[PDB]
């Protein structure tokens, strides 16, 4: 299984029309796998979307006495059921490193901690994360009758989107957390693949330096991520990496080659370890002073020619509604990375590559 994939983060709280637009666009484009969020942590974040998944510790779904609210499990159920009809496979991420939709800092606020990375260390927080993931993985989909544990439309669980641990640059805290959590998920669900969902950073590996000497922090362990050590964990099935040179300090004239070397390095390491590897987010800002389509072509050619298992752009959106609707009626391009199923050269490129992978 090799594929072109994408991401969409609003599949657990937008309307049926909007969810069907994303998944129909994926099918029409040849996009075989969509990576989505399976979290909405904290009462403020749930209230902002009037959709509830984990508003407080031990509360899963809508709090007793709250009426006229959406249940994010029901919306996830509808997305799964539609993806199953349309032949799209889903990778579902279980918590966010970042504060969007609550993230790890929401868990740290619940348990009265004092730094984001207490999420990995406080046993009361780890227990709450396991209680949440057990509730989700055991959840019976209301549109299918099939618990997520048994649902083949789900391709993989991911532990945490873009997890970082800057307080432990040895990389050990994340290794121990990923071992514990990936083994815990395998104990709940022996059927599905497990991946971390990290960006792929290295931690000073002999012979691996960045292109051009830029974004050295992605190679020298600054974020507390040792990708090679994480991929070596027995209960992690495939490696994940992300690629945003414009966020990371690379110059625009080096975006293409920095990305190219990033992809080559990750494929080399995963091939030696002997597990599959997925470039599961990449993006160049629409306003960058370079040809975005040609960078995306180069990167997808490299993943394809070097034997990587998938390439997934951030991000695919569909029709919009309400306050999230742009000048053409789509969900807006808020971050400069949105692709939709239109006549843009990016959209045409994805269609072309989805025929080859």
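Positions refer to the first chain, counted from 1.
Higher mean Cα B-factor in the deposited model: 230-238 or 71-79?
-> Result: 230-238.
Would you determine, from the values in the PDB entry, which of 215-223 and 84-92 has the greater average C-alpha temperature factor?
-> Taking the mean B-factor of the alpha carbons in each, 215-223 is higher.
So among 315, 40, 62, 34, who wins on Cα B-factor in the entry?
-> The listed residue with the largest C-alpha B-factor is 62.
Out of 187, 161, 105, 153, highest CA B-factor residue | Highest CA B-factor of the listed options: 187.
Lowest, middle or highest third - CA B-factor, residue 19 | For residue 19, whose C-alpha B-factor we compare with every modelled residue in the chain, the answer is the lowest third.
Chain-relative CA temperature factor third for residue 98 | Within its chain, residue 98 is a lowest-third residue by C-alpha B-factor, going by the deposited values.
Classify residue 279 as lowest, middle or highest third according to the C-alpha B-factor given in the PDB entry, relative to its own chain.
-> Tercile = lowest for this residue's CA B-factor.
Residue 148 CA temperature factor, ranked by third within the chain = As the PDB entry reports it, the C-alpha B-factor of residue 148 lands in the lowest third of its chain.
Tell me, lowest, middle or highest third: where does the Cα B factor of residue 111 rank within its chain?
-> Highest third.
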